[PDB]
Amino acid sequence: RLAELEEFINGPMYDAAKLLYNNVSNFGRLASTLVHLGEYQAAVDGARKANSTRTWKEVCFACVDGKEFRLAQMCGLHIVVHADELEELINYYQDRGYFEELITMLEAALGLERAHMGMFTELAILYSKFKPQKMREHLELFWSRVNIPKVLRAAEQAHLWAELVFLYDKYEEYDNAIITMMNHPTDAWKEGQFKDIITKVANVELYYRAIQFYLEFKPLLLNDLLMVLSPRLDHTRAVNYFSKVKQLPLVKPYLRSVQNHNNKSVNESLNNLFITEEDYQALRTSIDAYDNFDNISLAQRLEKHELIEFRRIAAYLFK
């Protein structure tokens, strides 16, 4: 020990070289041997002085092997910042099965001034398959600083529907956000945002596919939803469906809201309602303001009605 301590340090083996490399100050191997000597905490000092990447990898990895984590962490925050290195560092903490610590480190890295995309993208991914509850609040803050396509394929695989919509939304892949809110309603579906995304949708067919969904599982919301679909909705096609599905009394609010298009199936459909609900004043106005309908059919149908207000209308229709 002191044998070479006062000899090499007098004038111009892991424990001997430890001193040798120490005076020449080749921290590259000073740190390397310190590890190879189980003197971890100090080896992280040599790696600091050595200020080398390939060097922190030797120390960090071994520091891991020795299951020294608070060390392997601060000794790992010097590597994550290096995109070209981020992967091997993760793939290493993975096979050693230390997924818990790997995600505890990245937790801090995020703070680092040199924190990049590859980090946020990788934390999300991990979070999905190891801490789903966090997966949300994470995208909530760093959805902009992450490779979206990869994070999606990662929630798709992790059935995190609520989040999937979030991103599909941000990534402006609206058709997908809707399709998703529609197959996994409990999770994803939210009344308000459905009425905001649906619009952006590209493939209009989804409207008719949504109408059906809302109609079969959410009746009270079908009208307010129809109101937003109006501009691009093929009303004749819409009314036909509701009619075949004998649901026209439910979409009344919508029918009135559209009738002003003097659409036929609309008037005919709308008029049948005023009739079954003995609303003759409303019927009068309808056959007065909008004329696209078969008056003789109506006329004939009404001339047989038991209510005088209607029989009078029939007469008016025939004239």
# chains A, B, ... in the order shown; residues from 1 in each chain; ligands from 1
$ residues_around --residues "residue 82 of chain A" --least-positions-apart "5" --cutoff "12 Å" --atoms "only C-alpha atoms" --output "JSON, numbers by chain"
{"A": [52, 53, 54, 56, 57, 76, 77, 87, 88, 89, 109, 112, 114, 115, 116, 117, 118, 119]}
$ residues_around --residues "residue 31 of chain A" --least-positions-apart "5" --cutoff "8 Å" --atoms "only C-alpha atoms" --output "PyMOL selection string"
chain A and resi 42-47+50+59
$ write_last_selection --atoms "N, CA, C and O atoms" --output "short mmCIF file (atom, residue, chain, number, x, y, z; two decimals), in the first residue's frame"
data_model
loop_
_atom_site.label_atom_id
_atom_site.label_comp_id
_atom_site.auth_asym_id
_atom_site.auth_seq_id
_atom_site.Cartn_x
_atom_site.Cartn_y
_atom_site.Cartn_z
N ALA A 42 -16.91 6.80 -5.17
CA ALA A 42 -15.72 7.55 -5.60
C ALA A 42 -15.52 7.42 -7.10
O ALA A 42 -15.07 8.35 -7.76
N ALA A 43 -15.85 6.25 -7.64
CA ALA A 43 -15.71 5.99 -9.07
C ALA A 43 -16.56 6.98 -9.87
O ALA A 43 -16.24 7.33 -11.00
N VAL A 44 -17.65 7.44 -9.26
CA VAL A 44 -18.53 8.40 -9.90
C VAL A 44 -17.87 9.77 -9.87
O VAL A 44 -18.25 10.68 -10.62
N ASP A 45 -16.87 9.92 -9.01
CA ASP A 45 -16.16 11.19 -8.93
C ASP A 45 -15.14 11.20 -10.06
O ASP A 45 -14.98 12.19 -10.77
N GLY A 46 -14.47 10.06 -10.24
CA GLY A 46 -13.48 9.96 -11.29
C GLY A 46 -14.11 10.16 -12.65
O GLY A 46 -13.52 10.76 -13.55
N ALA A 47 -15.33 9.65 -12.80
CA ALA A 47 -16.05 9.77 -14.06
C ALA A 47 -16.44 11.22 -14.30
O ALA A 47 -16.61 11.64 -15.45
N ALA A 50 -13.21 12.85 -15.24
CA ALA A 50 -12.90 12.29 -16.56
C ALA A 50 -13.76 12.90 -17.66
O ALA A 50 -13.41 12.86 -18.85
N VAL A 59 -19.18 3.27 -15.78
CA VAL A 59 -19.51 3.51 -14.38
C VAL A 59 -20.99 3.34 -14.05
O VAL A 59 -21.34 2.69 -13.06
#
$ residues_around --residues "segment 36-39 of chain A" --least-positions-apart "5" --cutoff "9 Å" --atoms "only C-alpha atoms" --output "JSON list (two decimals) with N, CA and C atoms, in the first residue's frame"
[["chain", "number", "residue", "atom", "x", "y", "z"],
["A", 14, "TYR", "N", -5.29, -3.79, -8.90],
["A", 14, "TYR", "CA", -6.38, -2.81, -8.91],
["A", 14, "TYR", "C", -6.22, -1.75, -7.82],
["A", 15, "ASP", "N", -5.51, -2.10, -6.76],
["A", 15, "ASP", "CA", -5.31, -1.16, -5.66],
["A", 15, "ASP", "C", -4.04, -0.32, -5.85],
["A", 18, "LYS", "N", -4.77, 2.13, -8.92],
["A", 18, "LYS", "CA", -5.73, 3.11, -8.42],
["A", 18, "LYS", "C", -4.97, 4.37, -8.04],
["A", 31, "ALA", "N", -11.36, 5.96, -12.57],
["A", 31, "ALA", "CA", -12.76, 5.70, -12.29],
["A", 31, "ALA", "C", -13.06, 4.25, -12.65],
["A", 62, "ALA", "N", -22.02, -0.45, -14.47],
["A", 62, "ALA", "CA", -21.50, -1.24, -13.36],
["A", 62, "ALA", "C", -22.19, -0.80, -12.06],
["A", 63, "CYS", "N", -22.33, 0.51, -11.86],
["A", 63, "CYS", "CA", -22.99, 1.03, -10.66],
["A", 63, "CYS", "C", -24.38, 0.37, -10.54],
["A", 66, "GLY", "N", -24.03, -3.40, -9.52],
["A", 66, "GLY", "CA", -23.84, -3.42, -8.08],
["A", 66, "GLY", "C", -25.07, -2.96, -7.32]]
$ residues_around --residues "segment 200-216 of chain A" --least-positions-apart "4" --cutoff "9 Å" --atoms "only C-alpha atoms" --output "PyMOL selection string"
chain A and resi 172-176+178-179+182+196+220-222+225-226+229+232-233+237-238+247
$ write_last_selection --atoms "N, CA and C atoms" --output "mmCIF file, in the first residue's frame"
data_model
loop_
_atom_site.group_PDB
_atom_site.id
_atom_site.type_symbol
_atom_site.label_atom_id
_atom_site.label_comp_id
_atom_site.auth_asym_id
_atom_site.auth_seq_id
_atom_site.Cartn_x
_atom_site.Cartn_y
_atom_site.Cartn_z
ATOM 1 N N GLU A 172 -54.180 16.002 -34.664
ATOM 2 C CA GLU A 172 -55.192 16.347 -35.649
ATOM 3 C C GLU A 172 -55.665 15.175 -36.506
ATOM 4 N N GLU A 173 -55.712 13.990 -35.905
ATOM 5 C CA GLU A 173 -56.185 12.794 -36.585
ATOM 6 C C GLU A 173 -57.612 12.546 -36.087
ATOM 7 N N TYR A 174 -58.445 13.577 -36.231
ATOM 8 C CA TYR A 174 -59.848 13.591 -35.809
ATOM 9 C C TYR A 174 -60.702 12.351 -36.113
ATOM 10 N N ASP A 175 -60.659 11.865 -37.350
ATOM 11 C CA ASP A 175 -61.443 10.680 -37.692
ATOM 12 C C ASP A 175 -61.155 9.575 -36.666
ATOM 13 N N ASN A 176 -59.892 9.448 -36.269
ATOM 14 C CA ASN A 176 -59.503 8.421 -35.309
ATOM 15 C C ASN A 176 -59.982 8.689 -33.892
ATOM 16 N N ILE A 178 -62.649 10.190 -33.047
ATOM 17 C CA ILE A 178 -64.072 9.862 -33.052
ATOM 18 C C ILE A 178 -64.264 8.348 -33.077
ATOM 19 N N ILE A 179 -63.696 7.673 -34.069
ATOM 20 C CA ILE A 179 -63.842 6.228 -34.113
ATOM 21 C C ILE A 179 -63.521 5.636 -32.739
ATOM 22 N N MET A 182 -66.040 6.209 -29.997
ATOM 23 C CA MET A 182 -67.217 5.419 -30.328
ATOM 24 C C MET A 182 -67.140 3.928 -30.026
ATOM 25 N N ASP A 196 -67.194 18.678 -30.704
ATOM 26 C CA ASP A 196 -66.181 19.584 -31.232
ATOM 27 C C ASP A 196 -65.307 18.882 -32.255
ATOM 28 N N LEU A 220 -81.090 11.427 -25.706
ATOM 29 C CA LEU A 220 -81.251 12.844 -25.385
ATOM 30 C C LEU A 220 -80.202 13.757 -26.017
ATOM 31 N N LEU A 221 -79.040 13.202 -26.320
ATOM 32 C CA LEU A 221 -77.983 13.997 -26.909
ATOM 33 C C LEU A 221 -78.031 14.004 -28.431
ATOM 34 N N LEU A 222 -78.868 13.153 -29.016
ATOM 35 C CA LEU A 222 -78.970 13.059 -30.471
ATOM 36 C C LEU A 222 -79.383 14.331 -31.194
ATOM 37 N N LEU A 225 -76.581 16.973 -31.110
ATOM 38 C CA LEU A 225 -75.502 16.454 -31.941
ATOM 39 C C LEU A 225 -75.881 16.667 -33.385
ATOM 40 N N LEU A 226 -77.161 16.481 -33.674
ATOM 41 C CA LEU A 226 -77.631 16.667 -35.026
ATOM 42 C C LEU A 226 -77.461 18.122 -35.428
ATOM 43 N N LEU A 229 -74.067 18.630 -36.772
ATOM 44 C CA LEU A 229 -73.838 17.896 -38.014
ATOM 45 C C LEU A 229 -74.551 18.530 -39.223
ATOM 46 N N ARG A 232 -73.134 19.678 -42.989
ATOM 47 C CA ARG A 232 -72.638 18.681 -43.937
ATOM 48 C C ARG A 232 -73.527 17.447 -44.021
ATOM 49 N N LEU A 233 -74.607 17.454 -43.254
ATOM 50 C CA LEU A 233 -75.516 16.320 -43.221
ATOM 51 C C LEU A 233 -76.527 16.282 -44.375
ATOM 52 N N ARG A 237 -81.188 11.922 -46.477
ATOM 53 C CA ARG A 237 -80.637 10.648 -46.049
ATOM 54 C C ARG A 237 -80.884 10.451 -44.564
ATOM 55 N N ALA A 238 -80.748 11.541 -43.805
ATOM 56 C CA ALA A 238 -80.931 11.510 -42.356
ATOM 57 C C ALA A 238 -82.371 11.201 -41.973
ATOM 58 N N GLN A 247 -88.255 6.790 -35.562
ATOM 59 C CA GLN A 247 -87.759 7.581 -34.455
ATOM 60 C C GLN A 247 -88.010 9.079 -34.660
#
$ residues_around --residues "segment 147-149 of chain A" --least-positions-apart "6" --cutoff "9 Å" --atoms "only C-alpha atoms" --output "MDAnalysis selection string"
chainID A and resid 117:118 120:121 167:168 171
$ write_last_selection --atoms "N, CA, C and O atoms" --output "tab-separated table (two decimals), in the first residue's frame"
chain	number	residue	atom	x	y	z
A	117	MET	N	-36.47	15.37	-26.85
A	117	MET	CA	-37.64	14.66	-27.34
A	117	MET	C	-37.56	13.18	-26.98
A	117	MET	O	-38.48	12.64	-26.36
A	118	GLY	N	-36.47	12.53	-27.35
A	118	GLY	CA	-36.28	11.12	-27.07
A	118	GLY	C	-36.58	10.72	-25.63
A	118	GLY	O	-37.00	9.58	-25.37
A	120	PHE	N	-38.80	12.46	-23.29
A	120	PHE	CA	-40.24	12.52	-23.11
A	120	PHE	C	-40.98	11.39	-23.84
A	120	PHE	O	-41.93	10.80	-23.31
A	121	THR	N	-40.56	11.08	-25.07
A	121	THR	CA	-41.19	10.02	-25.84
A	121	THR	C	-41.06	8.67	-25.13
A	121	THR	O	-42.00	7.88	-25.11
A	167	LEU	N	-54.34	12.46	-27.78
A	167	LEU	CA	-53.32	12.62	-28.81
A	167	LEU	C	-53.92	12.66	-30.21
A	167	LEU	O	-53.64	13.59	-30.97
A	168	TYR	N	-54.73	11.66	-30.55
A	168	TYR	CA	-55.39	11.64	-31.87
A	168	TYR	C	-55.95	13.01	-32.15
A	168	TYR	O	-56.00	13.46	-33.29
A	171	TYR	N	-52.75	15.45	-32.55
A	171	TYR	CA	-52.11	15.09	-33.81
A	171	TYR	C	-53.05	15.38	-34.98
A	171	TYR	O	-52.76	15.03	-36.14
$ select_by_dssp --residues "segment 47-205 of chain A" --states "helix (DSSP H, G or I)" --output "ChimeraX atom specification"
/A:47-50,53-65,69-74,83-95,99-109,117-128,132-142,148-156,161-170,174-183,191-200,205
$ closest_residue --among "A:284, A:291, A:177, A:277" --to "residue 260 of chain A" --atoms "only C-alpha atoms"
A:291
$ closest_residue --among "A:101, A:140, A:7, A:268" --to "residue 239 of chain A" --atoms "only C-alpha atoms"
A:268
